[PDB]
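Have a look at the structure below, then the notes.
Each value in this text was obtained by applying a stated rule to the coordinates, not by laboratory testing. With ideal geometry, Cβ positions are generated from the backbone for all residues, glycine too; neighbour counts draw on all protein chains shown.
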């Protein structure tokens with residue numbers, strides 16, 4: 001409703017996308033597309049931006065005030081964590097060469 005909290009959803013809205021992205025880039029990790037540029041883009045562009053997107057959401061106290069939104073990012077950062085883990089492992093099992 002509020003413009004301030006509205007701006008938060010904009011960050012979350014991206015996180016939500018970045019979330020699917022991580023799982024997207026993570027799904028290809030060690031699978032054909034497996035390329036240094038990918039893992040690099042992932043850790044140097046995706047995750048860094050996804051998590052950075054969190055700090056932006058977490059920075060907005062409205063995230064702690066708004067119960068609904070509070071869960072929004074929480075679900076993203078949460079699901080995002082699973083992605084990094086599922087991929088981080090795969091990346092260790094599917095080395096490039």
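Residues that are under 14 Å from residue 16 (Cβ atoms) and touching a helix residue (DSSP H, G or I) at 6+ places or on another chain (Cβ under 8 Å) within region 64-82 comprise 69, 72, 73, 76, 77, 79, 80, listed in sequence order.
Which condition breaks for residue 96 when tested against (1) surrounded by 12 or more Cβ atoms within 10 Å (Cβ to Cβ); (2) touching a helix residue (DSSP H, G or I) at 6+ places or on another chain (Cβ under 9 Å); (3) closer than 29 Å to residue 35 by Cα? So the condition that residue 96 fails would be (1).
Of all residues in region 67-93, count the ones that are in contact (Cβ under 8 Å) with a residue 40 or more places away in the chain and surrounded by 15 or more Cβ atoms within 10 Å (Cβ to Cβ). Counting residues in region 67-93 that are in contact (Cβ under 8 Å) with a residue 40 or more places away in the chain and surrounded by 15 or more Cβ atoms within 10 Å (Cβ to Cβ) gives 13.
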